[PDB]
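Going down the list, the protein sequences come from chains B, C and A. 2 is the number of the first residue of the first sequence in the deposited numbering; add one for each residue after it. 2 is the number of the first residue of the second sequence in the deposited numbering; add one for each residue after it. 2 is the number of the first residue of the third sequence in the deposited numbering; add one for each residue after it. Even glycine gets a Cβ: it sits at the ideal position worked out from N, Cα and C. Worksheet: one structure, shown below.
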Amino acid sequence: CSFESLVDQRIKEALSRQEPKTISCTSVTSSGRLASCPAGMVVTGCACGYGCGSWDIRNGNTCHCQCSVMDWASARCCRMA
Amino acid sequence: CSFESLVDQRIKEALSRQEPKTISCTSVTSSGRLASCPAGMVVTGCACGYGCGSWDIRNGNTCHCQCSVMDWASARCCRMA
Amino acid sequence: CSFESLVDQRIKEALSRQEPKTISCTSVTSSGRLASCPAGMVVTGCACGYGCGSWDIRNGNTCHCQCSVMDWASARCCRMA
Ligand SMILES: [Pt+2]
Ligand SMILES: [Pt+2]
Ligand SMILES: [Pt+2]
């Protein structure tokens, strides 16, 4: 019983039924030193062959993987789904 | 002043009342070569003993450290909160 | 066409016009064995020199590369933008 009230509980309806956003991650492995995430995704980490924990991210999407010898690199990607 | 408008001033009032969620991360550390984020959390990266930077993710939430010898693993775990 | 609806045709259509939230990430690199994210960011992982997979995160913001000889260290940092 009130005009500006109906409008509010009306919102606490839709507001309370939009399902909320969440993180989804996936991995991309590639041969060599470079492994890139798809556009629309951030790189949160890199893994690397030869037990190589030295890596660096290039163009904000690619895992450069940086030791004497490198079979494969890998890029963890995340984003809001 | 217009039958709509007042409505938008109502949405765009107590909508600025919404408290935006933020990333919250945490680590999980286990002996051997596996470490899992509790479900509801994604895995963003892994760490391994023996300076082992070769890992891979198994079953969407599990850090698998993968060098020959291996004593602990940690998963880095993030969630919206 | 009916006057509970006139309302949500604004609600469920300023939600879509809103400001959809997004992840951003970035690396911080420092000589030594430590590296720190700025405030407002979660650490999603670390890199190390001499190829370390072994690292841990302290005080919620500091990559501690934890091998023995240690060049440099890296943190990966993320926030909602
Ligand atoms: Pt994607
Ligand atoms: Pt959790
Ligand atoms: Pt920042």
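Give every residue of the same chain whose Cβ lies closer than 7 Å to the Cβ of residue i, excluding the five residues on either side of it in the sequence, and list them in chain order.
i     : result
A48/B : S75
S31/A : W73, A74
Can you find a CB in chain B that lies within less than 9 Å of the CB of residue i?
i           : result
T63/A       : no
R77/A       : yes
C2/C        : no
residue 1/C : The question about residue 1/C has no answer here: the residues shown for chain C are numbered 2 through 82.
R34/C       : no
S37/A       : no
Leaving aside the five residues before and after residue i along the sequence, list all residues of the same chain whose C-beta is less than 6 Å from its C-beta, in chain order.
i     : result
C66/A : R34, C49, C53, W56, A74
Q19/B : none
State the DSSP-derived secondary structure class of residue i, mapped to helix, strand or coil.
i     : result
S28/A : strand
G50/A : helix
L35/C : strand
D72/A : coil
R11/C : helix
What I want to know is whether the C-beta of residue i ends up closer than 8 Å to one or more non-hydrogen atoms of ligand 5.
i     : result
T63/C : No copy of ligand 5 occurs in the structure displayed; its ligands are ligand 1, ligand 2 and ligand 3 alone.
Within 9 Å of any Cβ in chain A, is that where the Cβ of residue i sits?
i     : result
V44/B : yes
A74/B : no
My assumption, with CB atoms under 8 Å, is that residue i sits in contact with residue j. Please give the rounded CB distance.
i     : j     : result
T23/C : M81/A : 6 Å
Output yes if chain C places a C-beta closer than 9 Å to the C-beta of residue i; else output no.
i     : result
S6/A  : no
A40/A : no
Taking all protein chains shown into account, do 16 or more other C-beta atoms lie within 10 angstroms of the C-beta of residue i, making it buried, or fewer, making it exposed?
i     : result
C79/C : buried
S6/C  : exposed
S69/A : exposed
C2/B  : exposed
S37/C : buried
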